[PDB]
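All Cβ positions, even for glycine, are placed from backbone atoms using ideal geometry, and neighbour counts span all protein chains on display. Nothing in this text is a laboratory measurement; each read-out follows from the coordinates by a stated rule.
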Amino acid sequence: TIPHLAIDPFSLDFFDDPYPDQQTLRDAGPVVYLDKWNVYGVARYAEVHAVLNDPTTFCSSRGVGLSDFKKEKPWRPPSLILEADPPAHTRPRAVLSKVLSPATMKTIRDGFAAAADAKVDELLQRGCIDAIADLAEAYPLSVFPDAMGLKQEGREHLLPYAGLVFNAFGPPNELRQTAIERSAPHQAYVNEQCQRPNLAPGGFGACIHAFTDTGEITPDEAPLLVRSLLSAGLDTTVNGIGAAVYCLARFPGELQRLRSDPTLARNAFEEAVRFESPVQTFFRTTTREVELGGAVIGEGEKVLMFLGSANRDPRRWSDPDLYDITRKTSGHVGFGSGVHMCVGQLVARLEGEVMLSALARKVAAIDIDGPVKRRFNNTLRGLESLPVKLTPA
Ligand code: HEM
Ligand SMILES: O=C(O)c1ccc(-c2cccnc2)cc1
Ligand SMILES: [Cl-]
């Protein structure tokens, strides 16, 4: 009934060009079995959406990586939000929602936009830059650690820690095992910055600790929720902004449309999230026997959701492989769907919008002018190096 495939979706060959293998996974059937790792897979939009939206059957508290927390010890104490199910999930989620709220966005927007305009002006003075290190990484580094309230010393640990977190959702391949081998100094730094005295007043970290007296979370929960933001909030935006710039570099017609109407910036970023799907994959674990797209999956089974494949499924999308900045993107699953849908999506969209607005207003052309190098990670899709010449408007 269920087709068995030997595709390794965590192999470097797959990361280097996932699209043929993703079509193979979709067209093999609504549910496949991946013999390489002994997990079920779903790569069509319909089944990915269905799994995301049934958290009771497809739970998160046994881990959203390959490892089953019921069988192995997690590599660090479990997340109180990403790796929790309702009802334990509900109040931590409510707190991060209020911390990363519309009102917080209103407080930080003008500074985030100024930093974006400043970065693009700086990059235009150089002309030839690396859109990864010099833009996708430098811009989030210039705003997010400060918005968290982190001290200056030690910020060089943040991207390495994120790379570790995202590799650790994967199977025990060399990417994962190498990351864990090198983890100890990054864990030590991060865990220390999560304590209330180390988080500057008014930042996201202090706000989490401020919410510990409402009955939603206790003081001893606040450090691990700060940990959630220090795990998630930087490398995601690096690869979302990188995705958008790479799209604009490859599709000059869409850069030209964005220049002519800079208010398309927010949707241009959203389409880049659909088109590249920088967060590629998450797992769930079945809590019972279940029928999904005609197949029967037993209890205690890992299910791998291919978010990026779902976002290119022609059963759901017209011209899925076209970057279209005026596409109706609502319903894409690049930020998830349902009770765990990205609680940081307003930060992500703010950063992406203000960066693409700065490009739309200041840049006439983005031309790749050097070798493109991909960055390999078990969960994140994105580039290591993207050499571009920026032409000023
Ligand atoms: C382009 C950028 C981003 C993308 C594509 C993205 C993608 C996602 C996805 C797919 C999920 C669902 C996980 C699941 O269902 O198991 C998620 C959840 C989450 N994201 Fe993001 N994310 C981004 C940015 C951010 C940022 C900037 C932050 C923090 C400031 C953040 C914090 C979180 C948290 C805390 C969760 C867990 C929510 C929950 O379990 O209820 N994310 N994200
Ligand atoms: O440590 C955590 O709780 C945590 C770690 C990573 C994420 C995450 C992953 C992908 C996109 N957005 C957020 C979320 C939460
Ligand atoms: Cl840690």
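Cross-link list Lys36/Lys302; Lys119/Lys389; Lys71/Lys302; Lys70/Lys302; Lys328/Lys362: which exceed 19 angstrom alpha carbon to alpha carbon?
On the way: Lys36/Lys302 13 Å; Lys119/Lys389 15 Å; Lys71/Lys302 12 Å; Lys70/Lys302 12 Å; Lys328/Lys362 26 Å.
The pairs that break the limit, which is 19 Å between Cα atoms, are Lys328/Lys362.
Rounded to the nearest 500, what is the chain's calculated 222 nm mean residue ellipticity when only DSSP H runs of at least 4 contribute -39500 (n - 2.57) each, over all residues? Kindly include the intermediate steps, with their values, before the conclusion.
On the way: 16 runs with 175 residues, N = 393.
Helix contribution divided over all residues of the chain: -13500 deg cm²/dmol.
Looking at the chain, do any whole DSSP H helices span at least 18 angstrom along their long axis by alpha carbon and average 0.5 or above on Kyte-Doolittle, and which? Working shown, then result.
Working: long enough: 102-126 (36 Å, -0.24); 235-250 (22 Å, 0.60); 345-362 (25 Å, 0.35).
In the chain, the long hydrophobic H runs are 235-250.
Relative to the Cα centre, what is the charge dipole magnitude of the stretch 260-393, using +1 at the beta carbon of each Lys and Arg, -1 at the beta carbon of each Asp and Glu, and rounding to the nearest 20 debye?
Numbers: 18 positive and 17 negative charges, 42 e Å.
Here the size comes out at about 200 debye.
What is the spin-label model distance, in nm, from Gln256 to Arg196 if the labels are put 7 Å beyond Cα along the C-beta direction?
Each label point lies 7 Å from its Cα, and together they span 5.8 nm.
Could you identify which residue out of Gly203, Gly41, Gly154 has the top mean-square fluctuation in a GNM of the chain using Cα springs shorter than 10 Å?
Comparing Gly203, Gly41, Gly154 in a Gaussian network model of the chain, the most mobile one is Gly154.
Run the simple label-point estimate for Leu322 and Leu124 please: 7 Å along Cα→C-beta, distance reported in nm.
Label at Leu322, label at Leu124, 3.1 nm between them.
Taking only C-alpha pairs under 8 Å that are 6+ residues apart, what is the relative contact order of the chain in percent?
Numbers: 694 pairs, mean separation 101.3, N = 393.
That works out to 26 percent.
Need one number: the % of Cα-Cα pairs in the chain sitting beyond the 41 Å mark.
In whole percent, the share of Cα-Cα pairs in the chain beyond 41 Å is 10.
State the Cα centre-to-centre distance between the stretch 116-154 and the stretch 293-311 in whole Å.
38 Å
With the chain treated as a Gaussian network of Cα nodes joined by springs under 10 Å, which of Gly336, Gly240, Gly127 yields the largest mean-square fluctuation?
Highest fluctuation among the options: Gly127.
Taking the Cα centre of the chain as the origin and placing charges on Cβ (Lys, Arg +1; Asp, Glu -1), which of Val245, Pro197, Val42 is farthest toward the positive end of the dipole?
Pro197
Count the net charge of all other residues whose Cβ sits under 10 Å from the Cβ of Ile241, scoring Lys and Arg as +1 and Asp and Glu as -1. Can you show the working numbers first?
On the way: positive: none; negative: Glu137, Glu351.
Cβ neighbours under 10 Å give a net charge of -2.
Where is the GNM fluctuation largest for the chain (alpha-carbon springs, 10 angstrom cutoff): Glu153, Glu137, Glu192?
Fluctuation is largest for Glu153.
Determine the dipole magnitude for the stretch 1-114: charges of +1 sit on the beta-carbon of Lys and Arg, -1 on that of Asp and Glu, nothing else is charged, the reference point is the Cα centre, and the result goes in debye to the nearest 20.
Dipole of the stretch 1-114, to the nearest 20 debye: 800 debye.
Report the one residue of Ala136, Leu175, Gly298 whose Cα lies farthest in the direction of the positive end of the charge dipole of the chain (charges on C-beta: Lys and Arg +1, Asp and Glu -1; origin at the Cα centre).
Working it through, the farthest residue towards the positive pole turns out to be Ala136.
With Cβ to Cβ distances under 13 Å as the rule, what net charge do the other residues near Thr218 carry (K, R +1; D, E -1)? Write down the numbers at each step before the final one.
On the way: positive: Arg91, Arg196; negative: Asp213, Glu216, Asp220, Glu221.
Taking every other residue near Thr218 into account, the sum is -2.
Treat every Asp and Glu Cβ in the chain as -1 and every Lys and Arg Cβ as +1, leave all other atoms uncharged, and give the resulting dipole magnitude about the Cα centre to the nearest 20 debye.
Numbers: 42 positive and 49 negative charges, 110 e Å.
Its charge dipole is roughly 520 debye.
Count charges around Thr285 for me, please; just the other residues with Cβ under 15 Å from its Cβ, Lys/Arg as +1, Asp/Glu as -1. Working shown, then result.
Working: positive: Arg62, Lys70, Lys71, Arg284, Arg288, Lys302; negative: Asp54, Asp68, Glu72, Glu83, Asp85, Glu289, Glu299, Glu301.
That sum, taken over residues with Cβ under 15 Å, equals -2.
Quick one: longest stretch of the chain between exposed loop trypsin sites (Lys or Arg not before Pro), exposed meaning at most 16 other C-beta atoms within 10 Å and loop per DSSP?
Working: sites that count: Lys36, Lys70, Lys71, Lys151, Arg182, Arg288, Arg315, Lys328.
That would be 183-287.
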